[PDB]
Number of protein chains: 6
Amino acid sequence: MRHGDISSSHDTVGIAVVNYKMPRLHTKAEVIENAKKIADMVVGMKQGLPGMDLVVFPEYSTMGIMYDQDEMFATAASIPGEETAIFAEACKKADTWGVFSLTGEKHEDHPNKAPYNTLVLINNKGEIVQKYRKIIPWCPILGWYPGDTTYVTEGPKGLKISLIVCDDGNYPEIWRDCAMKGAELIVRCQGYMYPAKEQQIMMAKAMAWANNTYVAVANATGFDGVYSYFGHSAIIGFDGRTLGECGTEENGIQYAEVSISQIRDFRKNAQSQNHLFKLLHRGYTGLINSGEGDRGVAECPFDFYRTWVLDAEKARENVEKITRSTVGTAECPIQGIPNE
Amino acid sequence: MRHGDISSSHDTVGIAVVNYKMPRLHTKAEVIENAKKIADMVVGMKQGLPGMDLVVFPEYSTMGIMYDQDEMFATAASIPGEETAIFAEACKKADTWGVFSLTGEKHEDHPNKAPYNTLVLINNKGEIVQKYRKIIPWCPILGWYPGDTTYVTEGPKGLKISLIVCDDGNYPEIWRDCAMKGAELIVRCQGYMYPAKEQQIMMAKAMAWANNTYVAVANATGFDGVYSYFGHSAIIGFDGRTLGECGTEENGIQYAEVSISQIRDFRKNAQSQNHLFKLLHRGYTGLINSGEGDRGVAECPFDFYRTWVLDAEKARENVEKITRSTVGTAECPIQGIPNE
Amino acid sequence: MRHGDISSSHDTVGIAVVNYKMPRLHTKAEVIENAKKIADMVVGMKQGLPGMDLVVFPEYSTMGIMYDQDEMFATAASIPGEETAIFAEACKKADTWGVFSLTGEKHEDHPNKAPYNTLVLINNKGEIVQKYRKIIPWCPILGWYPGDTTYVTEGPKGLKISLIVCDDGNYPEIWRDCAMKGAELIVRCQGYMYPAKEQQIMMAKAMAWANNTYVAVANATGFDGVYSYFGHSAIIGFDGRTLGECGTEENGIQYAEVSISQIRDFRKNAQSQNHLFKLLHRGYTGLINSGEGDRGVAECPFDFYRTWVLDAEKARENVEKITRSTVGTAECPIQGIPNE
Amino acid sequence: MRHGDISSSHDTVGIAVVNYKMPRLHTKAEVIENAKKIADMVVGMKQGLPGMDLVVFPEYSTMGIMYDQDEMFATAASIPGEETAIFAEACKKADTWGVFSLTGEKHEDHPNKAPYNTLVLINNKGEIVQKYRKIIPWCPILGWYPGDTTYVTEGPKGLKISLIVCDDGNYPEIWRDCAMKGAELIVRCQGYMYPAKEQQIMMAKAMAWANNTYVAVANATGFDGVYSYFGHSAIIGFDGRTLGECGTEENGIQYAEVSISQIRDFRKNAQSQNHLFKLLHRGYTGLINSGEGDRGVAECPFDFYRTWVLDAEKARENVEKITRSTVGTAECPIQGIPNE
Amino acid sequence: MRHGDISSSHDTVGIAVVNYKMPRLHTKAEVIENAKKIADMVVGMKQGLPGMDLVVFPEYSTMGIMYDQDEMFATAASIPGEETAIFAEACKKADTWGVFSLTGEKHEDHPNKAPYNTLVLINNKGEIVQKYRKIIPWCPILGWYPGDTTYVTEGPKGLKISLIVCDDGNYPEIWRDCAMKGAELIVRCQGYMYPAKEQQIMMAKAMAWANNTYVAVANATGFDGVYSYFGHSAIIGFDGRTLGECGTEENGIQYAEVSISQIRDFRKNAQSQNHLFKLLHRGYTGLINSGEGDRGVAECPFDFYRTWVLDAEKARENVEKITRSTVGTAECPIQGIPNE
Amino acid sequence: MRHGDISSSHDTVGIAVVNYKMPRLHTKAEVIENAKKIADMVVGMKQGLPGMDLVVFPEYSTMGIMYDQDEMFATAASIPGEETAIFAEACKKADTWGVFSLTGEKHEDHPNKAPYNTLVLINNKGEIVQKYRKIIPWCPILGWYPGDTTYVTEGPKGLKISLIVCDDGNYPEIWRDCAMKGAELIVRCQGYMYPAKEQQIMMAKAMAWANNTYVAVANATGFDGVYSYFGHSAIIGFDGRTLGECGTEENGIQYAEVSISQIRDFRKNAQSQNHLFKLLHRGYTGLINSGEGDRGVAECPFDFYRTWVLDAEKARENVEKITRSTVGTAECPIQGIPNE
Ligand SMILES: [Cl-]
Ligand SMILES: [Cl-]
Ligand SMILES: [Cl-]
Ligand SMILES: [Cl-]
Ligand SMILES: [Cl-]
Ligand SMILES: [Cl-]
């Protein structure tokens, strides 16, 4: 957990994040060309960052956003496939792990159902060791089929990694779920468009703190014909302090070293802000002093979560009374999104 | 949702938060004296803030922190009781609602079990309309018996209010639970000691954003013999932007107007960052375009929450493997907190 | 007055501002090509911002700065003309209002007098509803003929709009004049070059506060052969708080919703910082309590403004004694600007 | 214009500003006691700041705010009087100039009309050389009789000084008026209560920039029974950059050196942001190049100011249509302030 | 190197720094009373910070600043003496190390030569293990006899500590000297008065970075009759990032954990910003590639340092030509400081 | 020392710094093409900045970084040579001084020893008046032969200038050496890659403060195939306050005026923070009051500097025990950098 150098040691994972300029592409050949540019960039960066162990690219960095449905279908990737092979070679050549974005990944029922929005973690042997499908797509504008599982993967030097995508990060639950599965680094890849710049910068930090986890964010930059992406890729410590943060500049890079031993020393020995421990041992001091044993309380005291787990339709109905009952709103209509 | 004036209108609730100087008290008579000082302060403030509809005092602002167990028991309050009556009179006199702290509130089995750490919302008729007992006490150092329920109360001008205390706020779940019950303002009262200053400033903002809720934070200030409290009381909009924020100064005050109609207009019509709606309608655009109906997906896709709800002991066991198995740590022992 | 979403509601005007990359152009055909790029950008943005009701482009965004006098004359536009028609079509197609820059607009005596520097507000039917000529050109370097009038126009959803340009904004008087005519949003379009970056960021906010008005700023970016433009396009509330702000990035975009009902509720009911009201009712409490009626004092107590209005030549003479008597200075000469 | 040292030179005026803790006083004897504390503080500070040439205390620093009308009348000062004599002795003893606050100063018709809120500049010989009565009292809450004139006084080392008070500063006109009379430093003394902290910090800087003037702000701190004052006393350069700024701390001090020769060199030779010059020579480059002489345009092109000067009642009527027609509002009533 | 918790582990030293309110004292009995208050504060803090291993108090925190020469002499301490015994007991009782300030410490020729300004490091057995005399007193105002040596002491958990005082920190040389002797933490104790607040905040961070060292700063707060002290006590990592920072508040506290293993892992394995290594192996890559061996260059290439070491009088003469030749200046005279 | 305008006066040097986009070049013809682009940019900028007296370009701005050794040798420049002639013409044409980068400059033994990394100061007559070779190259990655001397040159309007390059700036010694030779402005030209962005922004400011010198920093921007450069070119006052600062944007420009008379007035008359004076007159007040004459102490009390000057090999050995003994580390190996 330290910032400023280009090295990495047996104790630290050198993480690089990339403010990748958002492509505006249309064909499979253009996607492949751009995959190769990413691969070239990984290899170049390694030559400047000898400590680099993990390189992180934004959501949509390979295809851009395929606004046109037909082009979306025609360019949706297989995984493994030609794109991931192009990425795998660069990971082997540069002896790094990497996180890359396939938007879309073909649905099992392609081309008759929406593609997934997907991330892969590829190791320094070029092997895909985690494939994560975005659980909370950025509706209404974006049309990806929602995934349903988070994953934790042993990463470089043993650092436990989970991947999440863009809009997922707005939802504290996902960051909780990954940390509770053991994640030591949550990697958030995004093509996060203006407007919500300060809010997204703040959310990553707050999640790092709340879940006692390293966080790495790679966000796209530039204007792509529709949206302007605000960069601010960053790596953040498990104590909520930024290591390094990019600005809005195209193809900015940040790089930081995250200590394996520091996060484990902290999860073991921290007390007042050992949030993962504390949430499931509530009021331990009190129960000890009241003669009720020394574990505190584990029971979930939040009816929202009880209800969502036992009766998701009721949780939904509940929320619709607070918000609205249709996915669309007649005051701001959007074609193909129903309202009224 | 606007900042700078001392007025309030039919549409806005004028919220004042107080950087109350932490008392260092020892006897019931001193507590009562200090309750009266708070009451005097409410009445004075009203004369300078004619728009004031809600006044918020920090956790521990009435008793301070009763470090000595015997004094803790001797000073624990009934609710209703003499303290709340003193507060109620000031709310009637100043025609404001108020949030006040009783630390401790007598346990049902007092003096044989730890007191609760409690907040009350008192209306402008002097009536207690919400009593909230802290669900996640600041263990290990503090010994309060944990509460188990959140509440939503119709407040001034119809604004829906939930109360939470200090350490609760580190845990996104609580802020979710209150908003999912309908809360429009989550009031976080704290006696939040250094060190974790920037982290707590950031957490309130991030929670306001993540839960599309107004947030008001009153935090104590000064040194009390043990801890130094860092102030930064604040009121924050539902879009994650601070309205006004205090510094670390003793008896700082901030004041902002929060629009009833703006938060409801937003919860109804916002789309990309209507987080409460979106969490229970995941991938709606995708499912529409894939021929699967127009509601998106409501189902909880996070195994942590499923497991915590169905088998809290397993969730606990899981977390102990990531952290530690005893509430204490031999590397930093604390008397009465077991370890090894 | 809220920030973060892409929607807009019956109550809010969705304003987008653009950090448009400064062109370096030379011919009428190149200007027309670039007008079409702007139009294309409006249509694209709308597809990502369904709430968008108003889109704002920087001063010089259409022609760039025509440094060469002959090219300046050859490219000066008529209004209405081919450029505005190109803009009008994009406003109709995207069902938005827009603010566009013509630099120059032909003088009535073209080509024998300097062109104006001009902005137009075009409605969602493609009709020009306000044409504003810059009153305080950025002398000495820039050569535009000064305009002489501010305007207030009923805009989208009834929001009252005034336009101002760049250097105008340094002068509090202009922002006062527009607000005193009824303006609810003052739109400041600029091609504001380094050096004065922080000063210009601060000025917009301070003016929003001082005049209880929404403010939207679109500023150019990039290097154009002569000047580097620093972006920081922004939308600011009437309480002086930024909604959203760009960085220095080329073709950044920000987007915010400004509430019609909030600004009117505020101008009606605010008291301590109802600056527009207060300036013309000075010392009301005092005069009431002194038995002098209940209106306060309206009379202008500032001799500078009395003198400027009655005897502008004397105001000028006065200022020349404090500054200098010639437009140029021999310590930093500039060709065609006299000094000594 | 430089910050960091305790010295001052023949070229620089050493200005100290004081975050004076707001008194809560009630009697003439208590006011005199507190005047003596201020005097003692001036003498002490000088021993630590040998460069100090000007010391600035907040509005209300001598009496506090006399909330009770009878006490307000009983404590209103003569000028010259016993308070100013107490101040004058400290200025002579410490060989400094000073700015002190008398709230109230007796009306000419005392006790039958409201006192003024007044500042004095006292030279290093103990002579009162400027007495300024607040032109825009902080209505509705505060009841001072409004003054009607600004002043410019030759100060230490020849530095031209104008004084303004608190709420005046929200109004750009006043800062313009003083600079247009020749002011090189505008001293703003305030007892500026929360809420509007960031807005007031920003306003001073923006005014320094807009009027090419040094600015010094002394603001009170602490809680006085009614209001909490937020400090942030500061000295700001004529280029809009803060020299030094206090926090919210009681009896903070800042100190900076302001160069006589730098501000005069700037007012003489600055060009693009010589705002005082530019406002009365608009479009000079354009008129030169259009064959219309080399002075630009001086004429006031702002109808608000024309109307306010010629027909203040009409300006008032105009503003009442945009805001409200009565000084009070029924949605937030205040006793003795009429509404409906 | 992590921030937020109250614990500490076998790997981390828990450092607390105190924004101690500056005393205004006059007699030996008052000094002893205040020493006891400090001791009481150490013991109290420990009860809230169980991880605390090192507690740091500001320069002047024991005596305040003895402005009066006679009182300065009458209150100058022996070390060891009654004050240090009072401190030692609190370190033993709270099982912490501590850094305390004696201003003055008796000169060897007391009372005929100025006292030193001195710091002591006292271990958790109450033993004085380092006594540092300020090398660069804050002339002209302060009169302490200059010390001449820096020290490095094995501290808690083996962490290597050097002490420096206030004005020393403005001079990069001192921080270099301590790090080059092996220091892992440089503790800077100060009673650092306004004006130079931002400059001092920045200097500590920059020194932490430049010397790859932990830094802890304890600075006084409050007004003492002469000076106002600006707090901002802090602990900073060896990568130049703040762990935690106080504001200007009286008796603020910050607390952070500094990893023994992280700083040693970094000094061993960092490459591009291993400044201590790099300064004495300049151009290693170049010399390797030019066939000149693999150590780079160690030789001092800075004539200032060569000259200062070999001929300090010449270095002095040199500097006097750039600045002035007498310690005082006639433009800002100070009694007992000669000029002209 | 003032910021915001485009003018300059007899008293001020107008300094422009350029966030030059990092080239990716390979041949001598491409280098010459890019030299011409720089020249064109100087001439253009002058037309927008009539006050400009000094223009500053980043390290590597002419050649980019020649990663390939053969291309490095083939493109290394003579000085004077064709590149400098191209620069000299633009300085004459635009009547400015300039600082330009030649990376590499041919070694005396070219092509058999590594080129230098070099800067030149070229006057407004096109004459090279200072040539500085980087003393501390950015090892390990970069291979330049280390230089050994700093220089001070009379610059525009008599302003004394020293040049330093990139990595040099991390080392306080260099900034000391230049100021102690008389430098009034230290110009730091860098191609400073991410990661260490905030650290480098802070270092320049801290050095400006510590050495009572103006500082100008020009840093490259963009991605060059290997590294992403973070801009933040800036000009900083001798009191440690930024005048103006760029962001990360390609071809950003900042411009500020630095007063000749202000820095000399300050070095003459400042007292508490006259660091250059104070370092060689330590404890003057104390020695005066102790009867030991009125010069304070000049002697170097820092053993590191004594040892480095007398026995550089011992200083080296000392540092290797604190860091490591080989230039490389086996935990992060780099080809051609030995370790173990
Ligand atoms: Cl999505
Ligand atoms: Cl608790
Ligand atoms: Cl212009
Ligand atoms: Cl007032
Ligand atoms: Cl000292
Ligand atoms: Cl280098």
Side-chain angles (χ1 to χ4, degrees), chain A residues 134-140 146-150 164 167-178 180 279 299-329 338, chain B residues 135 148-153 160 162 164 168 171-184 186 207-213 238 263-264 266-288 292-312 315:
Chain A
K134 186 172 190 184
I135 289 157
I136 304 173
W138 195 66
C139 296
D148 62 7
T149 313
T150 56
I164 72 174
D167 201 16
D168 294 332
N170 281 299
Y171 299 90
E173 290 82 6
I174 192 167
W175 304 84
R176 184 69 85 202
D177 200 46
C178 295
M180 290 294 194
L279 181 57
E299 193 182 1
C300 183
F302 306 124
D303 293 346
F304 167 69
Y305 288 99
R306 298 180 168 285
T307 303
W308 182 18
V309 169
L310 162 76
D311 192 350
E313 292 182 25
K314 172 62 157 185
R316 175 169 63 192
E317 171 178 23
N318 280 352
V319 89
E320 297 180 349
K321 299 181 192 194
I322 299 172
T323 54
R324 58 161 182 286
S325 305
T326 61
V327 298
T329 163
Chain B
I135 289 157
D148 62 7
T149 313
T150 56
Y151 304 88
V152 180
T153 302
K160 300 178 163 159
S162 295
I164 72 174
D168 294 332
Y171 299 90
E173 290 82 6
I174 192 167
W175 304 84
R176 184 69 85 202
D177 200 46
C178 295
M180 290 294 194
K181 267 168 198 195
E184 299 166 328
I186 295 173
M207 288 304 95
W209 168 255
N211 299 287
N212 303 316
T213 306
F238 59 73
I263 191 169
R264 294 167 184 177
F266 178 105
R267 290 180 164 179
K268 175 183 178 307
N269 293 301
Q271 292 189 80
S272 56
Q273 320 288 156
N274 198 321
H275 304 315
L276 302 173
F277 183 88
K278 280 180 68 175
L279 181 57
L280 272 326
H281 311 255
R282 293 184 288 106
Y284 61 81
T285 307
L287 265 62
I288 288 167
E292 293 175 7
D294 64 354
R295 307 210 59 184
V297 179
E299 193 182 1
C300 183
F302 306 124
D303 293 346
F304 167 69
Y305 288 99
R306 298 180 168 285
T307 303
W308 182 18
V309 169
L310 162 76
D311 192 350

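The analysis underlying the following values was restricted to heavy atoms, covering all of them including side chains, and did not include hydrogens, waters or symmetry mates. In what follows, chains are A, B, ... by sequence order, proteins preceding strands, each numbered from 1.
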Which residues pass the side-chain contact (heavy atoms from CB on, under 4.5 Å) test with A:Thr326, not counting sequence neighbours? A:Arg324, A:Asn339
Can you list the residues that meet the side-chain contact (heavy atoms from CB on, under 4.5 Å) rule with B:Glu299, with sequence neighbours excluded? B:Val297, B:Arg306
Beyond-backbone contact of B:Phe277 with A:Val327, side-chain heavy atoms, under 4.5 angstrom: yes
Would you mind reporting whether B:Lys181 and B:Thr150 have side-chain heavy atoms less than 4.5 Å apart? yes
Nearest non-hydrogen partners of [X] and [Y], listed with the distance:
X: A:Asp167; Y: A:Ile136; result: CB-O, 3.2 Å
X: A:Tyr305; Y: A:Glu173; result: OH-OE2, 2.6 Å
X: B:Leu287; Y: A:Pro146; result: CD1-CD, 3.6 Å
X: B:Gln271; Y: A:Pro140; result: OE1-CG, 3.9 Å
X: B:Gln273; Y: B:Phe266; result: O-CZ, 3.7 Å
X: B:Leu276; Y: B:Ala179; result: CD2-CB, 4.0 Å

Enter the distance from [X]:[atom1] to [Y]:[atom2] here, rounded to the nearest 0.5 Å.
X: B:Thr213; Y: B:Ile263; atom1: OG1; atom2: CD1; value: 5.5 Å
X: B:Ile174; Y: B:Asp168; atom1: CD1; atom2: CG; value: 4.0 Å
X: B:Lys160; Y: A:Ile322; atom1: NZ; atom2: CD1; value: 7.0 Å
X: A:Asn170; Y: B:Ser272; atom1: CG; atom2: OG; value: 9.0 Å
X: B:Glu184; Y: B:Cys178; atom1: CD; atom2: SG; value: 13.0 Å
X: B:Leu280; Y: A:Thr323; atom1: CG; atom2: OG1; value: 8.5 Å

Contacts of type ring-ring contact (aromatic ring centres under 6.0 Å, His included), residue A:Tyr171, not counting sequence neighbours: B:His275
Results of ring-ring contact (aromatic ring centres under 6.0 Å, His included) for A:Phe302 - residues two or more places apart only: none
Suppose we screen for side chain to side chain donor-acceptor pair (under 3.5 Å). Which residues come up paired with B:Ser162, at least two apart in sequence or across chains? none
Between B:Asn211 and B:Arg176, is any side-chain donor less than 3.5 angstrom from a side-chain acceptor? yes
So, does [X] use its side chain to make a donor-acceptor pair with the main chain of [Y] at under 3.5 Å?
X: B:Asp294; Y: B:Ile288; answer: no
X: B:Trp175; Y: B:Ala208; answer: no
X: B:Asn212; Y: B:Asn274; answer: no
X: A:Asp148; Y: B:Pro301; answer: no

Please list every donor-acceptor pair under 3.5 Å in which a side-chain atom of residues 307-319 of chain A meets a protein atom from a residue at least two apart or in another chain.
unit_1   : atom_1 : unit_2   : atom_2 : d
A:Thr307 : OG1    : A:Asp303 : O      : 2.9
A:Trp308 : NE1    : B:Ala298 : O      : 2.9
A:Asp311 : OD1    : A:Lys314 : N      : 3.3

